[PDB]
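Residue strings, one per chain:
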Amino acid sequence: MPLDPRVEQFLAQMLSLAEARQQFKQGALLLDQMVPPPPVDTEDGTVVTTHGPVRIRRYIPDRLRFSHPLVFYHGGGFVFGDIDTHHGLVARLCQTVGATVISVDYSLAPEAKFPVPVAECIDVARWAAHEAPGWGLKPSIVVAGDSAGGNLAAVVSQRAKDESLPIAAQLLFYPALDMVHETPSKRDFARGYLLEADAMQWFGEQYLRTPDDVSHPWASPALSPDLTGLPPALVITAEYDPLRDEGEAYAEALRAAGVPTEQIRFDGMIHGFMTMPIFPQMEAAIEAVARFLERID
Ligand SMILES: O=C(O)c1ccccc1C(=O)O
Ligand SMILES: O=C(O)c1ccccc1C(=O)O
């Protein structure tokens, strides 16, 4: 299906680690300047994890309408991003769903290596489940994330039973799920669609300890042979995203494992579109989240 016109225009108009991080943040700030986020009440805090303090920001909706806390893990290849880069998305999730959202500043690579952020993300989810009753909410949490953050959400979801972590649903926004296998989309959309082959490779070099880690299920959750009993899943993909096919294949595997699953491909879109508020499809996908979550209770 053709590229979306606004996406086409965006692509046509186009250092040290610290500098690369700053450049990523500058770009996110620019898009938020173009399309300002909704006002939203927030409170910063710090969770004690097994790998150290992890900063969080709790988002409080104007009107609470959803009975589970969301815990959101930002993307950025495990190397980039923070609560501020993903505020545009999280503010909208909060206000549109009417949900309290916990946005997590997990430790970045290469300073922290796999599987440190997985452990931290479990610890924060557990914290949220324990706090939920004092917020007037159910203890079972909804985990969410984009790209690398969708990887984290998916892995947390696979570990949840074993970690005694109650999870009501998982929201995976164009996740990375299989670091072993090449898919057609990974071959065909490797260059020129924002998320590129060279970058994916480099992110893996920063995050993983050794090349063998690609086959670990906590790195590549799509390799897990038993998906039965996992949390209800919303899997959103973009048509022209190298990660599309692994996302869609995981959704099919969940569906066939009896997991209530909604799989939505946004046609004409690219990786990253749910943190790019220049595209109306970002809000459409947030509405999809709200509609999905209406069905959880
Ligand atoms: O994880 C990713 O794909 C990613 C990679 C580089 C920058 C940003 C992102 C993001 O999702 O926010
Ligand atoms: O296999 C991948 O795509 C991938 C692998 C390692 C780190 C990050 C990613 C990512 O795109 O965010």
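Now for a description of the structure that goes with this document.

Cut-offs applied
- Residue labels used throughout are counted from 1 along each chain in written sequence order rather than taken from the entry, whose numbering may differ, and residues without coordinates are not included.
- As a convention, the first chain written is A and the first ligand written is 1, with the rest following in written order.
- Note that the side-chain values use all heavy atoms of the structure and ignore hydrogens as well as water.
- Two strands pair if DSSP finds at least two bridges between them.
- Secondary structure elements follow DSSP: runs of H or I of four or more residues count as helices, runs of E of two or more count as strands, with numbering from the N terminus.
- To obtain each axis, a line is fitted to C-alpha atoms, and for helices this fit is confined to the stretch in contact; angles are then taken between N-to-C directions over 0 to 180 degrees.
- By definition, a salt bridge exists where a carboxyl oxygen of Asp or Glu is found within 4 Å of a side-chain nitrogen of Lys or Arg.
- Throughout, exposure labels follow a simple rule: accessible area from a 1.4 Å probe, protein chains only, divided by the maximum for the residue type, with under 20% read as buried, over 50% as exposed, and the rest as partly exposed.
- Only heavy atoms are used to decide nearness, and a residue is near a molecule or strand if one of them lies within 4 Å of it.
- Definition of a polar contact: a pair of N or O atoms within 3.5 Å, with one able to donate and the other able to accept a hydrogen when the atoms are protein atoms, and with sequence-neighbouring residues admitted only if both atoms are side-chain atoms.
- To measure how exposed things are, a 1.4 Å probe is used in the Shrake-Rupley method; for residues, cover is taken only from the protein chains shown.
- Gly counts as polar in this scheme, as do all residues outside two lists: the nonpolar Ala, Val, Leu, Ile, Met, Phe, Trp, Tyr, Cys and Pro, and the charged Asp, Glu, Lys and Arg.

Some thoughts on the sheet that holds strand 2 (residues 52-60)
Hydrogen bonds between backbone groups are what pair the strands of a sheet, and the pairing can be parallel or antiparallel.
Right, on to step 1. Strand order in the open sheet formed by 8 strands is 1-2-4-3-5-6-7-8, and the pairing between neighbours is mixed. Looking along the sheet, the strands with just one partner apiece sit at the ends: strand 1 (41-49) and strand 8 (261-266). Strand-to-strand twist in this sheet, taken as the mean axis angle between neighbours without regard to direction, amounts to 20°.
Right, on to step 2. In this sheet, strand 4 (residues 101-105) lies alongside strand 3 (residues 70-73) in parallel orientation, the contact comprising 4 bridges.

Side note on the pattern of salt bridges
Side-chain pairs of opposite charge can arise whenever the charged atoms involved come near each other.
Right, on to step 1. Enumeration according to the criterion identifies 19 salt bridges in this entry.
Right, on to step 2. Across the pair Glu-246 and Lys-186 runs a salt bridge whose closest N-O atoms are separated by 2.8 Å. On the criterion of sequence distance, the pair formed by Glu-246 in helix 8 (residues 244-256) and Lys-186 in helix 6 (residues 184-188) is long-range, its members being 60 residues apart.
Right, on to step 3. What makes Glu-246 buried here is its relative accessible area of 4%.
Right, on to step 4. What makes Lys-186 buried here is its relative accessible area of 16%.
Right, on to step 5. Salt-bridge contacts for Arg-295 lead to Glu-262; the nearest nitrogen and oxygen are separated by 2.6 Å. Remark: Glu-262 occurs in strand 8 and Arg-295 occurs in the segment after helix 9 (280-294); sequence separation between them is 33 residues.
Right, on to step 6. Overall, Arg-295 belongs to the exposed group, its relative accessible area being 52%.
Right, on to step 7. Through salt bridges with shared partners, a single ionic network connects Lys-25, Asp-44, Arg-57, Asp-82 and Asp-84.

Points about the site of ligand 1
Right, on to step 1. Residues in close proximity to ligand 1 include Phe-24, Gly-75, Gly-76, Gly-77, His-86, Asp-146, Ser-147, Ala-148, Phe-203 and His-271, which together make up its full environment.
Right, on to step 2. A distance of 2.9 Å separates an oxygen atom of ligand 1 from a polar atom in the backbone of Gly-77.
Right, on to step 3. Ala-148 places a polar main-chain atom, nitrogen or oxygen, 3.1 Å from an oxygen atom of ligand 1.
Right, on to step 4. Contact with the protein chains covers 87% of the free accessible surface of ligand 1, which is 310 Å².
Right, on to step 5. Its residues placed into classes, the shell around ligand 1 shows 3 nonpolar, 6 polar and 1 charged.

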